[PDB]
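Inspection log for the structure reproduced underneath, given as structure tokens.
The values are calculated or read from the model by the stated rules, or taken from the named source; no laboratory instrument gave them. Using ideal geometry, Cβ is built from the backbone for each residue, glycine included, and neighbour counts are taken over all protein chains shown.
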Amino acid sequence: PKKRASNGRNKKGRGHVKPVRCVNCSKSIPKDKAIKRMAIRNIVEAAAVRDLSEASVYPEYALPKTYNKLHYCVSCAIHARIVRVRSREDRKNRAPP
Amino acid sequence: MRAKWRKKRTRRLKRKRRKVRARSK
Amino acid sequence: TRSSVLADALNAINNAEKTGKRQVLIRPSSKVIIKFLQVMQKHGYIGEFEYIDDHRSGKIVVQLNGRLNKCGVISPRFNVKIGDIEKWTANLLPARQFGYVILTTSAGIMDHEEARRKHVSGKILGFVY
Amino acid sequence: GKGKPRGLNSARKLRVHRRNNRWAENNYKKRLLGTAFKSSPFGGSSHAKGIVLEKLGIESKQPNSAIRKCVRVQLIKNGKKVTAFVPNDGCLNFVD
Amino acid sequence: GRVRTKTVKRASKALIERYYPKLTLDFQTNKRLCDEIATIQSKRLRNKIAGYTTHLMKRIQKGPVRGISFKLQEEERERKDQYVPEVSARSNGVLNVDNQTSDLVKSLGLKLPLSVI
Amino acid sequence: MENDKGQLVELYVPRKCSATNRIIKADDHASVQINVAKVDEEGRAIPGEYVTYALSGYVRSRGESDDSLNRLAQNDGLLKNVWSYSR
Amino acid sequence: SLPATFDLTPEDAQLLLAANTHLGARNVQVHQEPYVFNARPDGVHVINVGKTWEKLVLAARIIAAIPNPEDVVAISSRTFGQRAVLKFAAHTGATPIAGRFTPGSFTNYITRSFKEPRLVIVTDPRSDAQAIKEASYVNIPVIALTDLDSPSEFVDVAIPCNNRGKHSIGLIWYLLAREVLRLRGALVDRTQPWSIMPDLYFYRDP
Amino acid sequence: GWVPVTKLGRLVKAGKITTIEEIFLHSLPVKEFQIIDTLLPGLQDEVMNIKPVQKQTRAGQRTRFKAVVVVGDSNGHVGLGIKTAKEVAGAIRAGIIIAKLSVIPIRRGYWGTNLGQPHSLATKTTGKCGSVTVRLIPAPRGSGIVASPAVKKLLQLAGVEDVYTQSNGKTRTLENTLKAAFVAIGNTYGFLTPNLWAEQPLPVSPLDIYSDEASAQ
Amino acid sequence: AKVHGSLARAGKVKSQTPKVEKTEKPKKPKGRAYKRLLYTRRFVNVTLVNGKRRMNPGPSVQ
RNA sequence: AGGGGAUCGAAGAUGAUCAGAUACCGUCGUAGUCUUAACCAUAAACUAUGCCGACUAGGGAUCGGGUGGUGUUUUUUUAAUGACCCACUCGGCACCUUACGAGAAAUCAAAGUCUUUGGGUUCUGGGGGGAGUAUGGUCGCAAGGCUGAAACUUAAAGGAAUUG
Ligand SMILES: [Mg+2]
Ligand SMILES: [Mg+2]
Ligand SMILES: [Mg+2]
Ligand SMILES: [Mg+2]
Ligand SMILES: [Mg+2]
Ligand SMILES: [Mg+2]
Ligand SMILES: [Mg+2]
Ligand SMILES: [Mg+2]
Ligand SMILES: [Mg+2]
Ligand SMILES: [Mg+2]
Ligand SMILES: [Mg+2]
Ligand SMILES: [Mg+2]
Ligand SMILES: [Mg+2]
Ligand SMILES: [Mg+2]
Ligand SMILES: [Mg+2]
Ligand SMILES: [Mg+2]
Ligand SMILES: [Mg+2]
Ligand SMILES: [Mg+2]
Ligand SMILES: [Mg+2]
Ligand SMILES: [Mg+2]
Ligand SMILES: [Zn+2]
């Protein structure tokens, strides 16, 4: 029996889409699919901004952030527990955690 | 065996019977 | 495309008599429907219906009164010998006691008990109970 | 809908598609292709009288274990070789 | 750790219900009550029960704890639940109406003082 | 259900619903018996004399058991201006 | 039927606009559209409070007829009407059910709350669904107060109100309480109001 | 000695209800099996099947028997009971009750001429209990119950003199066969024939008539 | 699979069962007489029962 | 066949891993991967769900069109236009809930209106193997496509869900 009403993920009224590549696996998953997390962070991280904002000139200055957008595969999403196997009822939830 | 290497097998088995056949034209 | 007219009609009546509804619209109003509604009205399986003039094909509103189990149509309008009428009412009617398989003879669209009595036959139209 | 056509003028399409499908029906094909008159070791006939060749002690299938006692027979009317089973206890000793 | 069992807590919900006047906040006296209105087959259970009934009392007489009801509390809560002010219905300056609610009355048969909001 | 000598057989005659005329089955345990009392010389509801409407499990699961009441109340005059035949 | 005293009298109608029961939910529902007179701009709805009262009297009329007024279960789980169905229970026979309904009531006899009413009245069908479901297994008519987005399922006569708080639920409970008393009972001469304060059917906390 | 705990049950031990169809008229959920015990004794019982089933526990296995019983007379009243439990004896007992707590009213009738005592059914009816769908057809006199020996004996207590049957589905699962041969005859009271077209005024429900003698203490 | 087994022992069990002669006895009636004889037996006099009536039990339970 | 030939990379090599390791991992790389002009006609080419039609139930989003709106926000003065809001109506990609109904069930707004069995119409399937085999035919430069048996064989094969 069908174990997902979305089959894979969100195509519907198409039948094909471009493929993305995993950043870990280097797999080929259809872009419609793919677990997809946005990775923003900080150049200096939390612990170093003290010795950073000390030793740096400029009046305080505007901390930059590294912007990256991670696409995963179900394979590598599940193992690295980005996503995790839930119950038959629980799986249905599309709401962010 | 998997039915895709079973499919493979029946093609080698046919390419090989085209051979033994026309061994006498 | 539309292929029977009587069909969508008698289906709307059938469907709506299930959902509890007491009225129903019909498209489009064709003579054949009407006589079929005339058969049904007299034996008390609907109420009064009302034609509607849209200079086009027509609409009907029919009042429902419970006591309608099914109003079927039989397609294609088979040729029915006058003896073979028994073998239809046997098939698609619930008991010998009541029920009606309205035909369509050259004497006119009518129920089978009527044709039973006039001694005429023809092409089965549908059926009501 | 109901897949099939319901037209009053379509008996042709109906009578032939049923013919064009009786062929998936096993024991109908065997009758129309006369397998019985062809590849069957008898003729189609209920019985055939052959000559007894060698005798066979055929082992039984799983999960049983015994010696089934049979005969290889040369049916007179075809010359077809056919192995046949002898029933009851010791009857193998009645045939030679 | 120490989690008292139902056979205990069952017995505390019962003595408190059946004997709220005669229970008290002290552990010692209840222990003696228990050897009167109850037949407890072992001293410990006798003590353990009375301990729990007495625990409830130190939070009964400080709030109407969840699943227990006896007389003098039920009669206590029936009174308190009859407060009636000089009312708020009233109106201290006519009926404040938005609109169409006004038209609701105009088309109904009714007087009533109004306002437009 | 009559018979030979005009005699009445068949255990009972089942109730018919007042919003669909469709029989109330023996085990139609979602069906309802609505008893509405009358009013004599100003107020003073009469015990013993009711306006009893019957409803079936179907109509009440569908949700028309209200619209059907208000309609069937104005029918024998018990309401005014509520049910509007025309929509 | 019901003469002319049972019409409006805007002292009753004063209670309604005062309890705010006229204000109707935004999310309507198809089985509740007649009760909607109009919808105020800035996203609001306005109940046709006449019908509310009209059904109300119809409501009371059903509460009578049934003999033993005790086993006419008035129920609520919402706190806002709990104190109200207690005061109603007090006046009329009316066995009350406040708090949790505890499944197994109307069906399943062994239980410690096996009521066998012949009529049921409910505050909010959403939150009281379990009463309404369970009723439907035992042929028990159901009265209930209904805003606009409330499940008409498995209910019969519905009184249209607000059940969003404030005074809506008590009033309609207080009013029900009044006319169940005018009819038969011990009120008579309905021309005068009631010796009983309204603000008694309400909430607590305090 | 019986002691009733439901309103329905009090009225019947009283004598305030004399017949069964009084309950069927008012759709009264019979809960105490004593009611039909008394509203119709002489009611005959037949056990039809006692088949075993199984289960695995948090260790090994689990096994128990399953009783299927029909109860009825032959004057329109029948019920079906299935209950599986630890023993064969307790199974039979527990189910008979279950069958009786659900006895049904049968609308018999005529196939053609109404010439004295109904013999067959009102109309065609047809039940379904997954896959297996049983459908009963009226039958001329002297015909008989044409059905499976199982359904025969079930219509035998139902009280049918002649009927034809058309079993579809996996009739071998005996359970779901009967249930739909049940679902069939019980349906008979739901087919709006024109005889019943004529309206009655709706009775009053003995729960409000004897409403005094109805409630508890 | 394998097809020349050991014919050496066909007729084994029959040729080694102790022969027994049939104990003679007066013939049973034939025709109606038997079927009559059957009729009065199975349900006229009634012999051994268990609530269920048992046709061919030997030494019974006792 | 011509171009192209970064890249990644069937073959192949080479490093490790292993008991073996033709493999997974790592390195080098042929073909291919791009295009032109030819062919090829196959994918789980999937929604594993034919098409036109009629009907049976609610709910909020969202795309395209239109309509209504002394709604909003925009200038230098609050008008045109622009976006935005509300309601709405057709035609969309769906979702949500229900369940009258349907199903072996998982489940479906169709997979509903089917033993109360007929709106029109195309196609396929009739136990598992043998086997998409043999053979004839035909298309293809080829690989292959399309059509497509039988003898013999066997009592399960198989779905859904339940507990372990
Ligand atoms: Mg996909
Ligand atoms: Mg695709
Ligand atoms: Mg494959
Ligand atoms: Mg291959
Ligand atoms: Mg075969
Ligand atoms: Mg040999
Ligand atoms: Mg089937
Ligand atoms: Mg390699
Ligand atoms: Mg290799
Ligand atoms: Mg070429
Ligand atoms: Mg190709
Ligand atoms: Mg293909
Ligand atoms: Mg395919
Ligand atoms: Mg919809
Ligand atoms: Mg779209
Ligand atoms: Mg190749
Ligand atoms: Mg075997
Ligand atoms: Mg498969
Ligand atoms: Mg499986
Ligand atoms: Mg499992
Ligand atoms: Zn990956």
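When restricted to residues that are within 16 Å of ligand 21 (Cβ to nearest atom) and either under 12 Å from residue A:37 (Cβ atoms) or not aliphatic (A, V, I, L, M) (or both), the range A:54-97 contains 15.
Taking the range C:76-90 as the range and being out of contact with any helix residue (DSSP H, G or I) (no Cβ under 7 Å at 6 or more places or on another chain) and closer than 11 Å to residue C:127 by Cα as the test, only C:88 passes.
Rundown of residues vs (1) within 14 Å of chain F (Cβ to nearest Cβ); (2) within 16 Å of ligand 3 (Cβ to nearest atom); (3) in contact with a helix residue (DSSP H, G or I) (Cβ under 6 Å, 6 or more places away or on another chain); (4) not in a helix (DSSP H, G or I), yes/no style:
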site	(1), (2), (3), (4)
C:9	no, no, yes, no
C:12	no, no, no, no
C:28	no, no, no, yes
C:35	no, no, no, no
C:38	no, no, no, no
C:46	yes, no, yes, yes
C:66	yes, no, no, yes
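Here residue C:87 meets the list (1) at positive phi; (2) among the charged types (D, E, K, R); (3) away from every other protein chain (no Cβ under 14 Å) almost entirely, failing just condition (1). Could you tell me whether the range A:82-93 includes any residue that is farther than 27 Å from residue A:5 by Cβ and surrounded by fewer than 14 Cβ atoms within 10 Å (Cβ to Cβ)? Scanning the range A:82-93 turns up no residue that is farther than 27 Å from residue A:5 by Cβ and surrounded by fewer than 14 Cβ atoms within 10 Å (Cβ to Cβ). Number of residues in the range H:106-139 that are more than 9 Å from RNA strand J (Cβ to nearest atom) and in contact with a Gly (Cβ under 7 Å, 6 or more places away or on another chain) equals 6.
Looking only at residues in the range D:48-85 that are among the charged types (D, E, K, R) and loosely packed, with under 15 Cβ neighbours inside 10 Å, the one that is nearest to residue I:7 (Cα to Cα) is D:54. Against the conditions (1) within 21 Å of the chain's Cα centre (by Cα); (2) within 14 Å of chain D (Cβ to nearest Cβ); (3) assigned to a helix (DSSP H, G or I), residue I:41 satisfies every one except (2). In the range H:119-149, which residues are small (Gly, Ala, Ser), farther than 19 Å from residue F:9 by Cα and touching a helix residue (DSSP H, G or I) at 6+ places or on another chain (Cβ under 6 Å)? Residues satisfying the conditions are H:127, H:130. Cβ-Cβ contacts under 7 Å between residues 6 or more apart (or on different chains), taken from a first residue in the range F:65-84 that is facing chain G (nearest Cβ under 8 Å) to a second residue that is in a helix (DSSP H, G or I) and of a type in the set (A, V, I, L, M, F, W, C), are listed as F:65/F:59; F:73/G:58; F:78/G:58; F:79/F:73; F:79/G:58.
Can we say residue H:184 is farther than 22 Å from residue F:11 by Cβ, away from ligand 1 (no atom under 16 Å from the Cβ) and surrounded by 15 or more Cβ atoms within 10 Å (Cβ to Cβ)? Criteria not met by residue H:184.
Tell me, yes or no, whether the range F:2-16 has at least one residue that is within 14 Å of chain C (Cβ to nearest Cβ) and touching a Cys at 6+ places or on another chain (Cβ under 8 Å). No - not one qualifying residue is present in the range F:2-16.
Against the list (1) loosely packed, with under 13 Cβ neighbours inside 10 Å; (2) away from every other protein chain (no Cβ under 14 Å), the condition residue D:88 fails is (2). Candidates in the range F:48-64 are the residues that are crowded, with 21+ Cβ neighbours inside 10 Å and under 15 Å from residue G:59 (Cα atoms); of these, the one that is nearest to the other protein chains (Cβ to nearest Cβ) is F:50. Within the set C:100, C:129, the sole residue that is outside the structural domain of residue C:11 (by CATH) and touching a helix residue (DSSP H, G or I) at 6+ places or on another chain (Cβ under 7 Å) turns out to be C:100. Of E:82, E:100, all but one fail to be at positive phi and either within 14 Å of chain G (Cβ to nearest Cβ) or among the basic types (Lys, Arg) (or both); the exception is E:100.
Scanning the range C:21-50 for residues that are surrounded by 19 or more Cβ atoms within 10 Å (Cβ to Cβ) and closer than 23 Å to residue F:72 by Cβ turns up C:24, C:45, C:46. For the range G:128-155, a residue qualifies if it is within 7 Å of another protein chain (Cβ to nearest Cβ), among the hydroxyl-bearing types (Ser, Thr, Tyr) and either surrounded by fewer than 21 Cβ atoms within 10 Å (Cβ to Cβ) or not in a loop (DSSP other than H, G, I, E, B) (or both), and exactly one does: G:137. Contact map, the range H:9-32: first residue away from chain F (no Cβ under 14 Å), second residue basic (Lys, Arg), Cβ cut-off under 8 Å, separation 6 or more or different chains; pairs are H:9/H:31. Per the conditions (1) under 24 Å from residue G:198 (Cβ atoms); (2) surrounded by fewer than 22 Cβ atoms within 10 Å (Cβ to Cβ), the sole criterion not satisfied by residue G:114 is (1).
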